[PDB]
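Chain letters run A, B, ... following the sequence lines, proteins first, then strands; residues in each count from 1. Atoms considered below: every heavy atom in the structure, side chains included; atoms not considered: hydrogens, waters and symmetry mates.
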Protein chains: 2
Amino acid sequence: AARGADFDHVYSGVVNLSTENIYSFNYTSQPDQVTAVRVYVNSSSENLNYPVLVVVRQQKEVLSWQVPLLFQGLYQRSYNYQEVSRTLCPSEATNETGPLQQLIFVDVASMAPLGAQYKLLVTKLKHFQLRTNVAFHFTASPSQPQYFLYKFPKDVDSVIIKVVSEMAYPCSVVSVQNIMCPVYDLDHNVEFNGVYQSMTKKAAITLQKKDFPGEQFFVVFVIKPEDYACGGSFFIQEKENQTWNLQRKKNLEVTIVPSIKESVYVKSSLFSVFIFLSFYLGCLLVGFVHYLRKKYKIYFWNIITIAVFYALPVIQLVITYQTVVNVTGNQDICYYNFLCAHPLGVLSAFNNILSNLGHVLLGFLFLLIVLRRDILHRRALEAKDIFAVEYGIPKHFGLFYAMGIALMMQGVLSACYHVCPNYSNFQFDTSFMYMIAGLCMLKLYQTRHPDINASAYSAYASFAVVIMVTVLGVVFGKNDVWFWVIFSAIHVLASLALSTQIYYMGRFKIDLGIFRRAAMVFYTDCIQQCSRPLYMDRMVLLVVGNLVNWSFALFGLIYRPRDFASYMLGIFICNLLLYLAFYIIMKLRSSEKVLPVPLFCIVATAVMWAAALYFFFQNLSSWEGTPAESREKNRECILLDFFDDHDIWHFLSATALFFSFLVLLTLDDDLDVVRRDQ
Amino acid sequence: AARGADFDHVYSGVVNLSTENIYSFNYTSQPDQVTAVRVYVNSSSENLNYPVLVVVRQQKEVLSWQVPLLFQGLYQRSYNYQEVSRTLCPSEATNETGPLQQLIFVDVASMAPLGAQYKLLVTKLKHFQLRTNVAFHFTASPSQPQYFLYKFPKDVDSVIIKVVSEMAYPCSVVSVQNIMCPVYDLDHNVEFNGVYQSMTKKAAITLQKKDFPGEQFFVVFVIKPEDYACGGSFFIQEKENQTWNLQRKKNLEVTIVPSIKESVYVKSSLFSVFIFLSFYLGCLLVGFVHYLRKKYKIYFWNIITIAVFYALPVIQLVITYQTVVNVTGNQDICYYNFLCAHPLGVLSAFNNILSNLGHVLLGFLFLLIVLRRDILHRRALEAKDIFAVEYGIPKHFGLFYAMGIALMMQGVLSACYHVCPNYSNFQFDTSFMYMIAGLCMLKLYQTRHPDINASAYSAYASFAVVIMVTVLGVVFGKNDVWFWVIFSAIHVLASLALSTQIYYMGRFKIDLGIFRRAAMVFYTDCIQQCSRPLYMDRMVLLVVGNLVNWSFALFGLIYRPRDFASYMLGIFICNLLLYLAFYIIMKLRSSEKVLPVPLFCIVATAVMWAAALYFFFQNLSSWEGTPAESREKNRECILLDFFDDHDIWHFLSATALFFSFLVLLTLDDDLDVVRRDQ
Ligand SMILES: CCCCCCCC/C=C\CCCCCCCC(=O)O[C@@H](COC(=O)CCCCCCCCCCCCCCC)COP(=O)([O-])OCC[N+](C)(C)C
Ligand SMILES: CCCCCCCC/C=C\CCCCCCCC(=O)O[C@@H](COC(=O)CCCCCCCCCCCCCCC)COP(=O)([O-])OCC[N+](C)(C)C
Ligand SMILES: [Zn+2]
Ligand SMILES: [Zn+2]
């Protein structure tokens with residue numbers, strides 16, 4: 001007959017084909033209080049052809065499972081768990097009902113000829129409901145999923161569920177579901193409703209109160225039987241003995257914290273706008289107290305078009321990804337910094353888009369500065385001011401305009417990328433900064449070799465080639481050492497050939513015989529100069545540039561960075577700064593000066609590039625690995641509770657590029673001299 | 001006690017909190033024979049607070065459910081099904097075991113104070129195993145899922161499961177799983193393992209024998225409680241009365257057919273290569289019996305670069321999509337013609353990539369033809385042949401090279417698209433054919449207005465603008481009639497302005513005053529000509545072109561095609577053919593002839609364009625709707641058991657573009673006259 005049974009009592013028994021064991025559990029749920037029941041069954045018996053069958057009957061629901069619980073892994077590997085445990089979906093007592101009397105039946109059965117042994121334990125969860133800002137520690141398992149209840153407070157309108165574990169394995173899933181039964185807490189149904197994240201050691205889910213009827217939800221923790229989805233293997237979690245006993249226990253700590261208010265949004269947007277409008281204010285003001293004592297059109301049409309063919313396939317995509325899985329609840333599509341990702345409307349990380357405002361604002365400010373210089377210059381030729389026709393270097397502002405437009409387009413492209421960062425998207429974070437870098441290095445060349453220009457397509461088919469190399473080296477050459485040696489050879493030889501041909505010899509000429517000329521340069525210690533040469537300054541700087549590029553390629557060879565786009569960005573930034581330094585050193589070697597404005601811009605360039613590169617090396621997310629592996633890297637916001645390290649990288653890279661543009665524009669202003677230069 | 005019960009007998013009973021009803025079912029499974037058992041329970045009782053709980057205990061497994069079965073839809077709509085039915089996962093008897101004796105228990109329980117009424121029926125499935133090429137008809141339901149067994153024959157190495165229904169609703173899921181228990185046949189777990197497709201009225205899953213241990217699988221059919229995933233609404237399947245009785249019965253027919261052999265692959269690849277190598281053979285042979293009686297370099301670098309910035313974001317993607325969900329089994333990501341989609345390696349539809357071979361081969365053949373013409377011409381100026389300097393129209397082959405390169409790039413881009421067609425990808429099927437079309441129309445202009453050329457970026461920022469319009473009109477203007485009227489206004493006014501300025505008036509000049517000049521042209525019947533004018537031929541053709549474009553825009557206005565990329569392609573093809581016809585008619589109006597080669601090329605152009613456009617209107621898949629809605633359109637292969645209508649569109653569009661290139665190249669050959677032309 002029925003066995004009136006007690007909570008928190010361990011019942012041991014034996015069940016064969018003849019005898020089936022019933023247990024009755026009676027309990028009362030009081031209003032304004034939620035009681036969850038947890039059933040544990042373990043079975044020392046190990047005969048997988050006669051498992052123990054457990055049935056839990058409630059008033060409105062039935063649950064059933066086998067002990068041992070069997071899982072099937074990839075490559076036909078099978079696991080069995082002798083301890084199974086489940087929380088029964090609770091019906092919460094309200095004032096409509098009063099004290100609810102609840103009955104629960106537990107059937108244990110088996111078809112074994114001689115019965116199977118089992119232990120049963122039914123408990124009431126003392127801590128089923130999670131509290132705001134209180135950290136809760138618990139343990140889960142592939143055969144013992146967990147879930148807890150959270151009720152939104154009356155003033156909180158949005159929360160973040162932050163889940164932390166100290167070990168990466170076992171791979172896990174954190175799901176948020178509504179409180180209507182049933183709860184989907186099994187491996188095969190957690191990803192059906194609600195919003196979920198795969199997790200190794202970090203998860204962070206942002207929830208709005210308006211998405212949940214009753215202002216409540218369940219947080220479900222389901223441990224996976226293998227680690228393939230998290231970047232591991234069949235069994236890379238070593239906990240226990242491999243003798244008829246298997247557990248993948250995971251220690252978890254969950255904290256549900258309220259999100260930032262709209263005051264933080266307002267304050268951060270105001271800060272982001274005003275720090276870069278202070279640039280406009282300072283520039284105009286200092287220029288107007290200093291005042292107190294077109295062939296370039298096509299250039300615009302050059303970059304914008306290249307931007308369009310570059311910027312449209314990414315927009316099309318993020319619009320899709322920001323939606324086509326937003327409604328799905330799968331938060332493994334976009335690789336956000338989920339610990340600093342503040343939503344606004346349909347944007348899941350509005351701070352990552354807002355931090356790109358500096359690129360646009362400073363690109364426009366530089367366009368205004370170049371426009372004023374172009375206007376004053378073109379005006380000075382109209383009055384035939386002799387200081388404009390036969391004094392100083394001939395000016396061609398057509399490439400500074402491209403610099404400013406490219407800065408703005410970099411802001412736009414990186415914002416579009418940060419709408420949803422993933423693997424089909426990565427280059428749009430920093431690839432246009434190659435173009436910018438190129439446009440600067442070219443401007444370093446044409447500032448003293450002015451009558452050399454091919455700005456139709458060879459100036460941008462180079463960008464196409466660089467993008468091809470970067471993308472196909474990320475996709476097809478992840479760390480394959482046969483790719484890295486080939487690319488290092490290309491890097492070293494390009495660096496030597498082009499540096500000996502363009503920097504040395506001063507010619508923009510791209511033959512096959514550059515190598516021959518690169519033999520003609522220095523294999524001449526017994527032809528041209530001694531170890532105490534005459535025009536050594538160019539040769540030492542050539543050797544130093546080649547040494548820097550060789551060291552860079554060597555570090556890339558040993559360390560083999562999987563993020564090859566950031567590595568290419570490092571190549572370009574390093575070479576830009578190196579040849580800018582070489583130009584300044586050559587200016588100082590001559591009798592030329594460095595006026596106060598370019599001097600301040602040089603110091604600001606160095607400082608901003610150091611700071612920007614510090615914040616660039618803070619890895620807060622990935623796309624190389626799995627979403628859980630990238631979530632391992634997430635960090636809280638570092639500035640104003642709104643911006644993380646990558647946002648500061650955006651700000652400071654915009655500022656550093658702006659000041660490098662200013663150096664390029666204002667370096668040669670000391671040449672108010674009639675043209676007798678080299 | 002236990003009730004020894006019979007199969008195919010209907011047991012009616014009442015279960016309250018006190019009485020629980022058990023039924024025992026005993027049966028033998030013979031070796032080399034699979035027996036599946038199906039349990040049906042219905043409950044006339046309708047008190048959703050005291051459902052009937054059904055437990056089915058087998059030796060190695062337990063199953064349980066409620067009657068009525070409750071489903072929760074979107075927007076908090078709830079459904080209840082009073083008839084539930086399930087097939088128990090069978091353990092198949094082999095020669096290791098012999099005749100297996102199997103026992104099955106069915107528990108019916110309820111906590112109702114006065115019991116609930118129920119009917120129980122347990123049957124043996126007569127047709128659990130599906131046979132090759134035999135169609136099997138059955139019925140499924142959201143509360144009565146079905147699944148069947150298929151064993152691969154000893155010689156078949158790959159099959160296609162083709163599922164057909166005559167009505168689109170209810171929305172359904174067809175899943176393929178391995179035969180190891182349990183079977184995931186519920187709404188919340190079908191998409192966990194195996195490969196699945198959502199289906200309204202057509203599904204087609206291709207399976208390799210090597211993916212399945214034991215050469216067996218289960219085909220699972222699960223009906224969804226709503227139609228949202230298939231493009232419907234909460235309840236758009238009207239079958240039954242809405243009085244306490246709910247069924248979403250779906251009639252299904254499944255056929256498992258063997259796939260084509262590798263002989264078909266070989267024969268189809270040989271055909272695809274040889275039909276287009278016959279072009280090379282015929283061209284070279286006829287040219288060599290007829291023989292029996294560089295400024296253009298940059299042009300190359302123009303298109304390739306534009307191709308790169310266009311072709312790389314799509315490759316990056318398909319590589320991802322061809323994999324990132326290939327291993328997931330979700331076949332709702334790529335919108336193939338699943339009834340003609342033949343795999344080769346990692347490509348799921350190798351025929352769609354192979355059919356793009358004609359573009360590459362014919363683009364190369366045209367490049368060779370233009371190269372030979374360029375060589376003979378440049379040679380004729382070196383000998384100062386007077387027929388090359390003062391005879392005929394001045395020649396500039398720099399744009400024919402772009403035509404050939406663009407044809408090759410269209411082949412490449414459409415292949416990359418067909419690696420995985422979906423919504424983030426669509427333009428790459430036909431968008432580059434805009435460029436080609438443009439490059440042809442421009443060549444129609446410069447053939448008589450030669451000293452007008454701006455081929456730096458305005459010739460391709462137009463392509464960028466057209467791509468922007470197309471993509472943002474697909475994404476943000478699906479059928480929104482406020483988008484279609486705006487685009488129709490733009491189309492009509494662009495067609496009138498540019499046709500009156502470029503075709504009429506012969507000027508490539510883009511001011512705001514074109515409209516004024518378009519008032520100056522014809523609002524002059526009382527200024528220039530009577531109704532019997534002098535140079536009417538240009539005016540009638542102008543009016544006819546504007547009428548054709550207006551009719552096109554009007555049809556687009558009423559019918560509002562959701563595939564706007566194909567609509568833009570129609571605009572471009574129509575205008576190309578229209579102005580080519582106008583050029584030929586003007587040639588005939590003058591004393592000029594049409595030599596035999598351009599005459600044959602004109603006839604071939606017309607014929608190939610008619611055939612290609614017929615095969616273009618065969619809609620075999622979509623990306624506008626859901627994957628099930630696009631699968632409604634799938635068709636079997638029409639040619640060689642390998643190619644469908646879209647593959648023939650690829651072939652014939654390559655041929656039609658090739659012959660239009662030939663018309664453009666060879667039309668003006670009758671001008672062996674000294675230059676006294678208009
Ligand atoms: C006189 C004038 C002086 C002026 C000099 C001015 C020159 C300017 C100098 C420096 C500017 C360079 C910026 C570096 C940016 C590289 C980024 C990168 O590669 O990412 C990879 C790291 O990289 C590696 O693992 C090793 C490769 C880096 C080589 C280091 C340069 C040293 C070479 C020369 C030194 C030898 C000296 C030569 C001997 C003569 C990946 O790492 P990550 O953590 O995944 O990347 C983070 C980004 N992401 C996080 C968001 C993923
Ligand atoms: C001989 C040379 C000189 C003449 C040259 C002219 C020849 C050149 C003519 C045509 C060249 C191109 C042919 C049409 C291509 C349209 C494509 C299209 O829009 O698809 C849409 C159909 O769209 C519609 O159903 C309505 C729009 C079509 C308008 C028809 C033009 C009539 C105008 C003139 C008549 C009145 C003129 C009055 C005279 C004063 C979408 O439908 P679909 O089925 O999804 O598309 C299938 C594609 N896909 C399936 C694979 C998805
Ligand atoms: Zn960024
Ligand atoms: Zn196609």
Side-chain angles (χ1 to χ4, degrees), chain A residues 17 48-51 53-55 57-66 72 76 103 105 107 109 111 180 184 186-189 191-193 213 298 301-302 304-306 308-310 312-317 319-321 324 423-425 427 456-458 460-461 463-465 467-468 471 475, chain B residues 17 48-51 53-55 57-66 72 76 103 105 107 109 111 178 180 184 186-189 191-193 213 298 301-302 304-306 308-310 312-317 319-321 324 423-424 427 456-458 460-461 463-465 467-468 471 475:
Chain A
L17 177 63
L48 282 69
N49 273 347
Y50 297 99
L53 311 171
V54 182
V55 174
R57 283 189 283 124
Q58 300 159 81
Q59 176 197 328
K60 273 180 284 305
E61 236 179 322
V62 66
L63 211 58
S64 57
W65 64 84
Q66 302 91 20
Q72 213 63 40
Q76 285 85 306
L103 199 51
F105 287 108
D107 309 282
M111 294 206 182
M180 183 176 282
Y184 295 125
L186 297 183
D187 195 27
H188 50 259
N189 53 12
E191 307 161 9
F192 181 60
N193 273 61
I298 61 171
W301 272 281
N302 293 118
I304 294 169
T305 295
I306 298 163
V308 169
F309 289 135
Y310 207 53
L312 295 174
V314 57
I315 305 172
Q316 182 185 2
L317 295 174
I319 298 170
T320 300
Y321 272 165
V324 77
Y423 191 75
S424 64
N425 204 359
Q427 77 262 28
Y457 267 83
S458 183
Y460 308 109
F463 181 55
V465 160
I467 297 306
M468 298 183 0
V471 170
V475 176
Chain B
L17 177 63
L48 282 69
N49 273 347
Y50 297 99
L53 311 171
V54 182
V55 174
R57 283 189 283 124
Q58 300 159 81
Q59 176 197 328
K60 273 180 284 305
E61 236 179 322
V62 66
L63 211 58
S64 57
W65 64 84
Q66 302 91 20
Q72 213 63 40
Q76 285 85 306
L103 199 51
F105 287 108
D107 309 282
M111 294 206 182
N178 54 43
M180 292 177 72
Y184 295 125
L186 297 183
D187 195 27
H188 51 259
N189 53 12
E191 307 161 9
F192 181 60
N193 273 61
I298 295 100
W301 272 281
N302 293 118
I304 294 169
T305 295
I306 298 163
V308 169
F309 289 135
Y310 206 53
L312 177 63
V314 57
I315 305 172
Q316 182 185 2
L317 177 63
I319 298 170
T320 300
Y321 272 165
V324 77
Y423 191 75
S424 64
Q427 77 262 28
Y457 267 83
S458 183
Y460 308 109
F463 181 55
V465 160
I467 297 306
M468 298 183 0
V471 170
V475 176

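- Note: A/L103 leads A/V475, A/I298, A/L103, A/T320 in heavy-atom pairs under 4.5 Å with chain B.
- The contact between A/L48 and chain B is made entirely by backbone atoms, counting heavy-atom distances below 4.5 Å.
- For B/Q316 (side chain) and A/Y423 (main-chain N/O), a donor-acceptor pair under 3.5 Å exists by modelled atom type.
- Looking at B/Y460, both its backbone and its side chain come within 4.5 Å of chain A, counting heavy atoms on both sides.
- A distance of 9.0 Å separates CG in B/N189 from CG in A/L186, rounded to the nearest 0.5 Å.
- Rounded to the nearest 0.5 angstrom, B/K60 NZ and A/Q66 CD are separated by 11.0 Å.
- The shortest distance between side-chain heavy atoms of A/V55 and B/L53 does not fall below 4.5 Å.
- For chain B, the nearby parts of A/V62 are the backbone and the side chain; heavy atoms of each come within less than 4.5 Å.
- The aromatic rings of A/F309 and B/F463 sit tilted relative to each other, their planes meeting at an angle between 30° and 60°.
- Proximity to chain B is limited to the side chain of A/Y184, based on heavy atoms less than 4.5 angstrom apart.
- Contact of B/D187 with chain A is made through backbone and side chain together, with heavy-atom distances under 4.5 Å.
- Under the 4.5 Å side-chain criterion, counting only non-hydrogen atoms from C-beta, B/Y457 is not in contact with A/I304.
- Taking each heavy atom of B/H188 and A/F192 in turn, the nearest pair found is CB-CD2, 3.8 Å.
- A pairwise comparison of heavy atoms in A/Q59 and B/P51 identifies O-CD, 3.6 Å as the closest pair.
- When all heavy atoms are compared, the tightest approach of A/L63 to B/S64 is C-OG, 4.0 Å.
- Contacts between B/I315 and chain A at a heavy-atom distance below 4.5 Å are absent for every atom of the residue.
- Residue contact with chain B, scored on non-hydrogen atoms closer than 4.5 Å, involves the side chain of A/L312 exclusively.
- With a threshold of 4.5 angstrom between heavy atoms, B/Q72 approaches chain A through side-chain atoms but not through N, CA, C or O.
- Considering only heavy-atom pairs separated by less than 4.5 Å from chain B, the leading option among A/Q76, A/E191, A/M468, A/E61 is A/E61.
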